[PDB]
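>>> What shape does this take:
(6 chains)
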Amino acid sequence: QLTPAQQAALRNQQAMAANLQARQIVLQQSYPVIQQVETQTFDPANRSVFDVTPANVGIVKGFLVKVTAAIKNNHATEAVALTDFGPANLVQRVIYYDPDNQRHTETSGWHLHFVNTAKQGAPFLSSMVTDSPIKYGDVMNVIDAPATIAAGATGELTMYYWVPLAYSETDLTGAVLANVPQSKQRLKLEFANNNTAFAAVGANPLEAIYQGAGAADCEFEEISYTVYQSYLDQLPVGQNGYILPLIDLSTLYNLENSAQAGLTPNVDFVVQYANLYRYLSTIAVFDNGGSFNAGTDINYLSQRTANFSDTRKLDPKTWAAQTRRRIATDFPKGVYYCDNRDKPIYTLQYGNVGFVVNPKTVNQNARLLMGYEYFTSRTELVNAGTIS
Amino acid sequence: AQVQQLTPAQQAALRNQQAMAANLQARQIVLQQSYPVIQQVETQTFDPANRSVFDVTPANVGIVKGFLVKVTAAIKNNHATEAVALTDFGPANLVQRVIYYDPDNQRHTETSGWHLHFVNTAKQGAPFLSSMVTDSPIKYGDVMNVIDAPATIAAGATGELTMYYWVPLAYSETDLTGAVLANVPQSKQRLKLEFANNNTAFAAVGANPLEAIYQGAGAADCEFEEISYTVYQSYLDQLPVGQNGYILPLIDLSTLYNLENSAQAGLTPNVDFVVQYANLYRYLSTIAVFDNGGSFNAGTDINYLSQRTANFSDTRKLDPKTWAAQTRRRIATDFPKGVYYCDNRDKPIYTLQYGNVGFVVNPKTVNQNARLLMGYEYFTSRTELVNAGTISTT
Amino acid sequence: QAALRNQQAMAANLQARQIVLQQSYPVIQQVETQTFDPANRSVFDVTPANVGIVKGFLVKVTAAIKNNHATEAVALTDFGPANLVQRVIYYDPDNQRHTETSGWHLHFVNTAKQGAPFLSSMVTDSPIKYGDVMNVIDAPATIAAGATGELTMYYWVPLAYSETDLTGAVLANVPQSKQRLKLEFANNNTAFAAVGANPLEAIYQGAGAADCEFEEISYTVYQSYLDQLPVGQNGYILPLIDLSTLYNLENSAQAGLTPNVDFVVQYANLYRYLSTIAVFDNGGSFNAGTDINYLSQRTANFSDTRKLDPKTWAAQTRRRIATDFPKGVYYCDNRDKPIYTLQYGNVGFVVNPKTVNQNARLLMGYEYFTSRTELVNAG
Amino acid sequence: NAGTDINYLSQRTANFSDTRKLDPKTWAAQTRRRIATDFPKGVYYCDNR
Amino acid sequence: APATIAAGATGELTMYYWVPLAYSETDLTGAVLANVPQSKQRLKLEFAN
Amino acid sequence: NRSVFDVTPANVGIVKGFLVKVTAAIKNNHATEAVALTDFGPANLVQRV
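Residues are numbered from 1 along each chain as shown, chains lettered A, B, ... in the order given. Please see the structure below:
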């Protein structure tokens, strides 16, 4: 007793036990509701940035965003073809904001798709090809895009995005309480337009959808989007009011992305985990000057700690072998996943953690596109004994 | 009482003095034990051809001191040959109306956008959020373009406007009179905002550019592309707790600090036009705008301005150039053409009988459909706003 | 239960400060003057006089810059003549550092305390010839090939906070000790930057900066103090808490900026921070807010208290200094309620950038109060 | 005119703001519930019974 | 509403709906007490296309 | 572009109902043939509330 460091450790142990108890009361007594909040069809030649107001009901868990599009190739003779990211570049940016102006997610289009893949164990909303004579397979075309739009043809695209607030369906960490009176929540959505979704032969196809010799005449016709809100209702009521997990709702499950530049061949390139977050995953995309290679331009990927010690330091084919253990496939050409969900990276446990890439080949205008996925809470920072 | 109806000692016997001494003690405890927070509460971007009136939900926290409203616009001029030019009120006409309702569904401020801008100027002592030009070699100046608007949008061009509004609830950062205690779980608190649209923001040549933003021979083809707005709420968090709940200044929170506007017509040349002040309000300043039938002049159509009282008739009967000299001692410049400012912050008009104090304009030349556009700020002390009347009469 | 005595010690401190400010005499006197050539020497140590209660210093720097290039010219940077002094260090007679900051940071705190650009002339509409007559702070905008320009710059080095608040001042009561006022000046390797180089600490930048050099730099130090101090029944009458408090100006430098990520700069745990100035050096490039998403001040690394975009952040400083700080410079005023934690990093300064170039750093200038562990031994 | 020359009609108070601020066709909708027709052009009815 | 719209013409439509919560103006059965600390009421509207 | 809208009114007092005024403009771009009103008419402007 009597020391504020261990007096705070005792009430953090009691608050964590009462939070896990109140969580499973909620997940037993509530009901999952999913309802549509907005639908709009537009033209990207006029406007391509939209803001959606979700409903302030219940405990919000996340958003399902269907994006449908039509693309005409108006070239005379030349065709185009899909990129490696493809229809995941239909959305360029997803931003969500709390009713307290707390930013939750600021992914790109491709980074939100890869976190949806890595949290399923398979490519997101795909259908496996089986040997069954019963006609399963690709019936409804949930995520669909033509591989080639010829000169004069038209291609229908479909894409789905799960924008997560809560962590999972059994972990309500990051969910937004919305059954109290408060400000409105904000879900900003920037879409692909006629400048960012078609790339010429030789341009950087990172955020493009199609690339080819007829991309100068390609254009959009329509883009429709539908947003569905997934939330919990009929919340349980106790003797003191609502029974709520009080430090799960005040924790943020976030999905930033970033970038860095300045890579030198055969020199270790460190991207530090900057803030005091609890990092859960990490996606590195090696944009080697518009070129994307399957590990032949990287010597090793690694993760360092404070005393310069690698806690994993693998070949690019061995880094991809740990990816196949989780999602049962490979991420696209140039994308490197790092799972840390069992022991999250926290730069207050063993010092400062970094992310290392040692490149073998470096082209001009080469960069490393990062994507983070982490937890954020409020750090309590008591004084231990002496002040001086 | 020789000038005023009630002297400041006569209107101090109409108040409880032990409740006022307990009120200034409670304000000093709040202002030294709280933390000033400013927080963005709403942001959305729209087309005014689709929607132009918006209701903003603030945050129910602390003691709210006011709102900062940032407005950004993207005016396009689709004419073939002709250009338009910025009016005198300019980007201050981006917001047409401002209404605030508190947690108890009581309105506080209901005024226009140009009147809110001039009270923002009159309380700073300078044009609001502007940068002065100096002769420093270090590159100070207008770097960030906080309030910005191009002076001319040509035929086939686009202009970007930026405008800021302080919507006051509390009177100042040291005087919490007018502030709103908002730590109650309700939803009646809102901030209604009507914006400029394609009809009210572009005036033709020879029209009335009072509420317009641009004016010119190519104003029929001018359109908005986009208007964004951002609302920031300034408040005081972590209120001091003693016994009996929070320690709060009870007279400061049961008093409103409002901004209201009204229009009076019926001016004739070379006689007095007495716009009467009203019973039971406590007036702090007065903006008068002489719209001389769509024409605005630099004092060349007024004989004199004055304030008026029942006994002791005139108190500041001055020439228009001398009226402007008393406001260059206030805001270090003068207001645009047609705008005249009267200050009453030292001795506020609180007068217990309706038309006891009046505001006089003696015009030289009156065009057809001429009017005075008044703007008032006042303390009105809830439990007597229910027994009040209309803010002005002519 | 200890505020019954500590508020009485503050009441006796304010009651004794007013006696000093009304019974003493404010004097300003020249202490040192020197004219030198920066090719030989550019660090100078100045010994002020040990007299009275010292309030601050009024260093003025005059330079002449010759452009020996054949065809090309140079031009002023955004910080301009404020980079004539590179470092200002002051030391107490009791070996206590009172201010260690840069020249550009000292100039902006001079701006931030006036409410206007420091010692500038406001342009008005008057027909009476006011304006820039005496050229108190002046510098030519472009020095052509073969021309010479004359610069003048003034620096107020503060010891006390203001002229009515003697918090931070030095009682110069020890004849055997002495004060130190080390001043580092610009030279030919600092004041001239080439095209594309970092213009942060430079004075002139252009295509002819390889042949630009100083001809001379002169400086003059004036000292403001309170003469004729009132004497009581035992020693001087003094505000003891006011003189047992430092008023410091420091500058730092952080790095590790990535786009779309919150970059937090933690405050220390025992200072009372009055103002923060953040300069976004985006790899030798300075932008007018178009590379920052927002700036903020969050408490427990979670909850922001003033999170604003760069145009609303600049709107809060136009209420303070009635103009805008130069490109990349961002001011944060905390003078009404100073930032004061008891635990390290329990308040931070946040910059969320949008575009980050290589060699991007964030320069942080601070201004704060610090108490000493005991009183200052009057006599 | 049949509401063509009016932005809105209203009924204010001092404490409260506008109580029934309506456009001229919605003000007319409140009178078609009263007298089951419209008044002639320019005539506007306000019931406070 | 106009009765017909000819080839090349344009018609203007106007229509009012009353969404009821209380039963009548003298019977408050069905009305919503929105002085509650829960949340904001919603009114979803599908239009023609 | 959009057909469904969600309106979020304030929580004041005892709510009695909502008045919804719908205005429209229908252009007939056919070459020769015209269209005529149905029996439900302008009441099919709001499809679902």
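
>>> show me the contacts for the residue nearest the centre of chain A.
For chain A, the residue sitting closest to the mean C-alpha position, by Cα atoms, centre = their mean, is residue A:112 at 3.0 Å. By Cβ atoms under 8 Å, 6 or more residues apart in numbering or on different chains, the contact set of residue A:112 is A:88, A:91, A:94, A:105, A:161-163, A:255. In this view, the C-beta of every residue, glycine as well, is placed from N, C-alpha and C.

>>> Identify the farthest-apart pair in those.
A:88 and A:105 (15.3 Å; Cβ to Cβ).

>>> Any figure for the gap between the residue nearest to the centre of chain A and chain E?
To chain E, residue A:112 is 27 Å away according to Cβ to the nearest Cβ, to the nearest Å.

>>> secondary structure element for that residue?
Assessed by DSSP states H and E, residue A:112 sits inside helix A:109-118.

>>> Can you classify residue A:227 by secondary structure?
strand (DSSP: H, G, I helix; E, B strand; the rest coil).

>>> Around it, how many other residues sit close by?
Residue A:227 has 22 neighbours, counted by other Cβ atoms under 10 Å in any protein chain shown.

>>> Please name the residues that touch it.
Residues in contact with residue A:227, defined by Cβ under 8 Å, 6+ apart, are A:36-39, A:52, A:54, A:63-65, A:187, A:189.

>>> Of those residues, just say which sits nearest to chain C.
Nearest to chain C among the contacts of residue A:227, counting by Cβ to the nearest Cβ, is residue A:189 at 16.4 Å.

>>> Are there helices or strands packed against the host helix or strand of the closest one, and which ones?
If you go by DSSP H and E, residue A:189 is part of strand A:186-191. Under the contact definition 3 or more Cβ pairs under 8 Å, 6 or more residues apart in numbering or on different chains; DSSP states H and E, strand A:186-191 sits against strand A:49-52, strand A:59-73, strand A:91-97, strand A:218-233.

>>> For residue A:376, find the nearest of the ones you listed.
The closest of the helices and strands packed on strand A:186-191 to residue A:376 is strand A:91-97. By Cβ to Cβ, the value is 13.6 Å.

>>> What pairs with the closest one, parallel or antiparallel?
Sheet pairing for strand A:91-97, assigned by DSSP bridges, gives strand A:103-108 (antiparallel), strand A:186-191 (antiparallel).

>>> and the ones you listed as TSV, adding distance to residue A:220 and mean neighbour count?
Putting the strands paired with strand A:91-97 into TSV (distance: least, Cβ to Cβ, whole Å; neighbours: other Cβ atoms under 10 Å in any protein chain shown) gives the following:
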stretch	distance to residue A:220	mean neighbour count
strand A:103-108	19	24
strand A:186-191	9	20
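
>>> could you dump the helices and strands packed on strand A:186-191 to a markdown table with distance to residue A:279?
Formatted as a markdown table, those follow (distance: least, Cβ to Cβ, whole Å):
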| stretch | distance to residue A:279 |
| --- | --- |
| strand A:49-52 | 28 |
| strand A:59-73 | 20 |
| strand A:91-97 | 19 |
| strand A:218-233 | 25 |
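
>>> between the ones you listed, which gets nearest to residue A:388?
Among those, the nearest to residue A:388 by Cβ to Cβ is strand A:91-97 (41.3 Å).

>>> picking that back up, and the contacts of residue A:112, which of them are buried?
Using 16 or more other Cβ atoms under 10 Å in any protein chain shown as the burial test, these include A:88, A:91, A:94, A:105, A:161-163, A:255 as buried.

>>> What residues does the stretch 51-200 of chain A have near chain C?
A:101, A:106 (Cβ under 8 Å from any Cβ of the partner chain).

>>> Measure how buried the residue of the stretch 51-200 of chain A found nearest chain D is and give me the count.
For the stretch 51-200 of chain A and chain D, the shortest gap (Cβ to the nearest Cβ) falls at residue A:181, measuring 21.9 Å. The number of residues packed around residue A:181, counting by other Cβ under 10 Å, is 21.

>>> how much space between it and residue B:181?
The gap separating residue A:181 from residue B:181 is 16 Å, by Cβ to Cβ, to the nearest Å.

>>> And for residue A:103?
29 Å.

>>> ok, now residue A:191?
Distance from residue A:191 to residue B:181, counting by Cβ to Cβ: 43 Å.

>>> do the same with residue A:16
34 Å.

>>> Residue A:30 touches residue A:234, doesn't it?
Yes - contact between residue A:30 and residue A:234 holds when scored by Cβ atoms under 8 Å: they sit 5.8 Å apart.

>>> So for these two, which sits in the more crowded spot?
Ranked by neighbour count (other Cβ under 10 Å), residue A:30 and residue A:234 place residue A:30 first, with 17 against 10.

>>> Tell me what the nearest residue to the more buried one once chain neighbours are set aside is bridged to.
When the adjacent residues along the chain are set aside, residue A:30 lies closest to residue A:232, with 4.0 Å between them (Cβ to Cβ, 6 or more residues apart in numbering or on different chains). Residue A:232 forms beta bridges with residue A:32, residue A:59, as assigned by DSSP bridges.

>>> Equivalent analysis for residue A:52, please.
Applying DSSP bridges to residue A:52 gives these bridge partners: residue A:187.
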